[PDB]
């Protein structure tokens, strides 16, 4: 097998999808084959489609998913609203393992946070990471509260021996502001800050997004994910 990473966030709207696209785009420019899997997608009625973002922004074509619910709620609530069940644990783990292959970087994007229910009954992206022996990239904010949330997610990961592959500041404000700059320094004291992605990068076209992504990550670290 190759390399599998779960891309998780300290919360909702922290930039997980932009970070999947940014790391995919950088790995692709490093000559690395990339797949992104998003097992469960919500908010389809208003048009949320995270795989399509990665496709447009990064150019990934191996884009794999299992379920789509209309309501903009957490998976289990959106499923109950529609009157249908979440996918099974086995579907998710086997899908990801089939995507995985030597030389390929496989990114798994969950929904919202580390401990939200992804599959019936009560299986989370942490459970999925355990099952596929994946490491975890943690997307954080740079705003007030992020040190607590980061440390909480990092403890949850270690408790199930899910290795932390680093942090990414999903959105970096312009201009920074005194909270953000202080938090960037403090985040780097509790784990590796792999990138801070400029605010608004999701509006970029494919070429500008590729340029941004190539600069946003250290060259050696990406190539070494393998």
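Positions refer to the first chain, counted from 1.
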Selected stretch [higher average CA B-factor]: 11 to 19 or 213 to 221: 213 to 221
Which has higher Cα B-factors on average according to the PDB entry: 108 to 116 or 148 to 156? 108 to 116
Could you tell me which one of 170, 39, 55, 175 shows the highest CA temperature factor in the PDB record? 175
Whose CA atom has the top B-factor in the entry, of 129, 138, 79, 96? 79
Chain-wide C-alpha B factor ranking for residue 165, given as lowest, middle or highest third: lowest
Residue 47, C-alpha B-factor rank within chain (lowest, middle or highest third): highest
Sorting the chain's CA B-factors, does residue 6 end up in the lowest, middle or highest third? middle
Please rank the C-alpha B-factors of the chain's modelled residues and tell me whether residue 35 sits in the lowest, middle or highest third. lowest
For residue 68, the third of its chain by CA B-factor is the lowest
